[PDB]
Amino acid sequence: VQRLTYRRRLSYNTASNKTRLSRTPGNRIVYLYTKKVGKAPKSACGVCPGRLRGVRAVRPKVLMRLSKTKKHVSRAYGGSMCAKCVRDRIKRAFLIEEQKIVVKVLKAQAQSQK
Amino acid sequence: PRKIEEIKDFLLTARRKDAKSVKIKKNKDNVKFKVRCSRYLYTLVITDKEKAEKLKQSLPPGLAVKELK
Amino acid sequence: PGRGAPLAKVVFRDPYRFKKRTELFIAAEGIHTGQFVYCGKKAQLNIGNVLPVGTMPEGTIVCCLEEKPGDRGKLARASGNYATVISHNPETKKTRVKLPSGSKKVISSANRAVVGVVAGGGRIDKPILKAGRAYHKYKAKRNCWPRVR
Amino acid sequence: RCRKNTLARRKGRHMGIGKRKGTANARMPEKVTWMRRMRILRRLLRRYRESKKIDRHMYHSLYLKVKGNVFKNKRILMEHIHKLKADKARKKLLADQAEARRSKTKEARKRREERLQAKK
Amino acid sequence: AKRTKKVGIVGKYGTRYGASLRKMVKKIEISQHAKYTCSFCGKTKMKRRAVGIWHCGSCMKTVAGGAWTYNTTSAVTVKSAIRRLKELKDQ
RNA sequence: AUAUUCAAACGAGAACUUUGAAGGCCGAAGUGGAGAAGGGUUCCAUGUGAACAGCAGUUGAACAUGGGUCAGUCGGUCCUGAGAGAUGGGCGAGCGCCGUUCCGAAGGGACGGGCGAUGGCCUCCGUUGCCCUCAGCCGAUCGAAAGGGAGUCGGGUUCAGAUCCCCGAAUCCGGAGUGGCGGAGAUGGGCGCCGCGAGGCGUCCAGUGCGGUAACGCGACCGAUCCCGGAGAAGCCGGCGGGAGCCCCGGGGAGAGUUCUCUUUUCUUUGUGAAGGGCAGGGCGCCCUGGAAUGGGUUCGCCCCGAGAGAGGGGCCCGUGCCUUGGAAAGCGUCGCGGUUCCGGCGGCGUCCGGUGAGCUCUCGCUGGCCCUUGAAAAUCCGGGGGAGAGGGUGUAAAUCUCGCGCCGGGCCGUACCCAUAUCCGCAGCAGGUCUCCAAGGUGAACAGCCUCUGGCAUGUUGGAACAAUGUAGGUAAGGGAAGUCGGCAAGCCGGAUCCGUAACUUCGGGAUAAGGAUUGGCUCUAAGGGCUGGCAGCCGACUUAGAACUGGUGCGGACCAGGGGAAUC
Ligand SMILES: [Mg+2]
Ligand SMILES: [Mg+2]
Ligand SMILES: [Mg+2]
Ligand SMILES: [Mg+2]
Ligand SMILES: [Mg+2]
Ligand SMILES: [Mg+2]
Ligand SMILES: [Mg+2]
Ligand SMILES: [Mg+2]
Ligand SMILES: [Mg+2]
Ligand SMILES: [Mg+2]
Ligand SMILES: [Mg+2]
Ligand SMILES: [Mg+2]
Ligand SMILES: [Mg+2]
Ligand SMILES: [Mg+2]
Ligand SMILES: [Mg+2]
Ligand SMILES: [Mg+2]
Ligand SMILES: [Mg+2]
Ligand SMILES: [Mg+2]
Ligand SMILES: [Mg+2]
Ligand SMILES: [Mg+2]
Ligand SMILES: [Mg+2]
Ligand SMILES: [Mg+2]
Ligand SMILES: [Mg+2]
Ligand SMILES: [Mg+2]
Ligand SMILES: [Mg+2]
Ligand SMILES: [Mg+2]
Ligand SMILES: [Mg+2]
Ligand SMILES: [Zn+2]
Ligand SMILES: [Zn+2]
């Protein structure tokens, strides 16, 4: 078989020295240096273990080239927090405000009674 | 490179100022018109020699055309 | 690494500017993520909260005690340890506490202290069975393990 | 030479007790054997379940039995399924005729009662 | 089939470290590798992450407990004492 | 550390140079192909044969002449790590030392407004000095050619250089008064009229984008100080699954080898890059309907479910696989012409169809286990919350745009070769030492040993003739079997796999391959173990196990690989 060599001055199997075999039009098997696999962003809620959806999974400096539409999703906190925690946050805010109103009115009624 | 699937848009690209040349590769079942622009190479592929010849006469006059084989 | 007791990452908001201040505490038993902890002079006495020893009733179990006011916690901060408030002296502003070694010490009542017992108790119960486990234990602390007589 | 010897080996020669150096598990692992058997049997069970030969309750029961290693082969499992279906069909037929008799006599007694009430 | 008579989880330790030591570590091993019930969701998915750190797989809620158990008798008696002292102070 | 032989050529001179033929070795954990540290011209051609290469040399890593290392996209350059180190400060007779945020007035920046000067058709903007206003750094600086770190691939080319030269396809970052152009913003509605109508005329009003219940999608789709978050950013081991490279199987071509006999035979070969577009194929702890015990689903194992399972219908991520632009023009294999030449010359023809596997290597993914072990930081980039502000009054639209195409630029240093039984260190061409990458066929459990293909070499600083003693390294010995010796030292016995069988003692885990037995070759069969298509029929298969007959001078783990055992004491 045709066993082959590196094409750079780095000879150690480190994280950056990662390759894959490819067949050229000249009918030869060479290495081709792959790029590191990217990761999708984590949700800012801090509880969900899954990665966000609708956002490309690329390396951090690749995101300069991409466009905002491919980088985020059309929603509040879009591309930064999962929809589950978004709706939970909305409901929490509304209910806390409602109970604050209830507490204020009950406190004022007690003060008026006393 | 890019693939152009229509005729009039390819013609507009041919009239583009940056178009440096066009090449016609006459292989079997296809005729490929390759327009060399500043950044991309645009190829329009058709499967009819009579479309090929009518397009060859309808090509821009000032464009440098060369047949290759 | 190197410390038996776990640590808690608690987020407060600055009362003087728009920010959020993150602090690292000694975790007391029973504290869970998402819990609310209250720090101050008039915070109610329940597990997790920190308040000065001069306000808690005697017999209270206390962890991460502060040896001098402002020191930000020095005493009873190893895994499973705690301290106990013994008696108060309303004049001279001093209180008596019992340290985990059994010594009784007098401190100023104006110093804060976490309520509860440090998490990770009974760590010494399990016997290290092998020099490998001992080696891994002291590798995360310092070069002192293979003691030669 | 290699191809001819391989053809002879495929026919079965040269593969006796004498020409063995590794253990039986080293030659053909038991984990792979069990894996293959479980895949085959579970596939058969799914095909029967979606072909509606067997119901989901019996499917779950004999799925747990397959995992518990009571069916050695596809054929053995298939004959067990046939015997179970036969016994179930007989019990179902007996139950149907019994309940038909019960319903018939119940409605006949109800008819007697209602015609008595109409007579009075 | 019952694979071993006396040794259980510490069967992995072979004929080493002494019978008394293996017996003593057996209970701690069982307690620290057992799965507990999440007092927040009720699912039995409370696992140990490190020493003194307990995590639930479904809630994603982490609780600071004991080294080899989810909770310690010292912790529970301190919690009871603290509750009673709070009730005494507020009368 | 197994090994040479025949003939020819040059040459004054050949055991050693070269060419051809033969016989061999390394045997893919190499005597192969490439790098790191280190060497520094040893690399390439010609010439010589004074000296050196422990014989010789027509040879050389020798000597003398001349040549050779080409980058925006390989790396340094940048960041910080363990750590080193100034200023302030302290100490010190003193050269100086401690110290790295500690006893410092440690910011020379800016959204924006005003003031005063200037150039450009002083329009509006830019360069500006001052005032008003806003503003934290963990401490200057150094620290990795294996860590972090956007961006180049295919073919050709020399004597010696190629991701560097040539040809062709790309790509990242930075710049832009008049924004170079297009597109987006964004061009609608109401009312009153003329006009058969279409449409047009004239007033008022809106216009910082749309679709999907939803996950989310569409080519953009304003916005500062400030705040939140993400990526960078991570352990080890086990199991399983997908995808590539290689190996294997059945054919079809082209060219070779054998053809005393046979072989539709044996061997070689049978391409498509990066970058875009679409689609298979994987994964989802994503969404909707709906509501489940006679519990169900499901993995090799697990595991999951009224905090919503099964059943349907959807969305997202990867996509290194296929097709397509690149692309057949090029590359390769064959047959044949031209240049006698000096040729990226010319020509035909082909570069095809399928199947498989607990196969080996790489990579992606799911999932588990172990820790009193929890398995980097920073530069850099990005999204979100907010609404300080800006833009036009209906038009020739404006502010603005992370959309498409276009224009310009990428400076400095390294780049040859060796990499090791001859370019490195050990005084040397020294059996020593020195960090890695790729890895074919058979046998076999196997990266074991043994033989072979691709590639490489000439037996390790000499040749010839004999075959004495004594040596060094191997063997074999009748009968006895440790009688030798301080002592079974040395050598020898056993050895793999399958089927039986297995004690004392014990911390119940072991002991244990205890000990002790039988079998194993070749050939011809039998049975069992599955997928696809429409309890049955057809079609595809791939390796194992068990049994039986026959047969050889009882021979069969036939080479290689390959446990002597037991009873006791310290
Ligand atoms: Mg390819
Ligand atoms: Mg999106
Ligand atoms: Mg030490
Ligand atoms: Mg050998
Ligand atoms: Mg080499
Ligand atoms: Mg080499
Ligand atoms: Mg040379
Ligand atoms: Mg000499
Ligand atoms: Mg270039
Ligand atoms: Mg630096
Ligand atoms: Mg110093
Ligand atoms: Mg570096
Ligand atoms: Mg690096
Ligand atoms: Mg479901
Ligand atoms: Mg061609
Ligand atoms: Mg915004
Ligand atoms: Mg080189
Ligand atoms: Mg030598
Ligand atoms: Mg020799
Ligand atoms: Mg010789
Ligand atoms: Mg003898
Ligand atoms: Mg004898
Ligand atoms: Mg004697
Ligand atoms: Mg003797
Ligand atoms: Mg011996
Ligand atoms: Mg024994
Ligand atoms: Mg004795
Ligand atoms: Zn969430
Ligand atoms: Zn829970």
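In the PDB header, cryo-EM is given as the technique by which the entry was determined, and 3.1 Å as its resolution.

Under the annotation held in the PDB entry, chain E carries the name 60S ribosomal protein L37a and is attributed to Oryctolagus cuniculus. As its UniProt record puts it under Function (literature references left out), chain E is described as follows: "Component of the large ribosomal subunit. The ribosome is a large ribonucleoprotein complex responsible for the synthesis of proteins in the cell." The Subcellular location comment attached to chain E in UniProt states, word for word, "Cytoplasm".

As annotated in the PDB entry, chain C carries the name 60S ribosomal protein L8 and is attributed to Oryctolagus cuniculus. One UniProt comment on chain C, placed under Function (literature references left out), says "Component of the large ribosomal subunit. The ribosome is a large ribonucleoprotein complex responsible for the synthesis of proteins in the cell." The annotation that UniProt attaches to chain C under Subunit (literature references left out) is "Component of the large ribosomal subunit. Interacts with CRY1 (By similarity)."

**A word on the UniProt feature "zinc finger region: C4-type" in chain E**
This chain's UniProt record puts "zinc finger region: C4-type" on residues 38-59 of chain E. As annotated, residues 38-59 of chain E has a helix share of 0% and a strand share of 41%, and its two end C-alpha atoms lie 8 Å apart.

**Observations regarding the nonpolar core**
Membership of the largest hydrophobic core comes to 18 residues, with the highest contact counts inside it found for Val 53, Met 56, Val 62, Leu 65 and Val 115 of chain C. Of all the secondary-structure elements, those providing two or more residues to this core are β3 (61-65), β4 (83-89) and β7 (113-115) of chain C together with α2 (73-89) of chain E. Ranked by the residues each element gives to this core, the list is headed by β3 of chain C, at three residues. Excluding residues that lie within four positions of it along the chain, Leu 65 of chain C makes contacts with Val 53, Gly 73, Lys 74, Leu 75, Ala 83, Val 97, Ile 107, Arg 112 and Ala 113 of chain C.

Cut-offs and rules
Residues numbered from 1 in each chain as written, not as in the entry; some residues may be left out. Chains lettered and ligands numbered in written order. Part of a larger assembly, values for the part shown. Heavy atoms only, no water. UniProt positions renumbered as here; feature names shortened; annotations may be inferred. Helix = DSSP H or I, 4+ residues; strand = E, 2+ residues; numbered from the N terminus. Core = buried A, V, L, I, M, F, W, Y, C linked by side-chain atoms within 4.5 Å. Buried < 20%, exposed > 50% of the residue type's maximum accessible area, 1.4 Å probe, protein only. Contact = heavy atoms within 4.5 Å.

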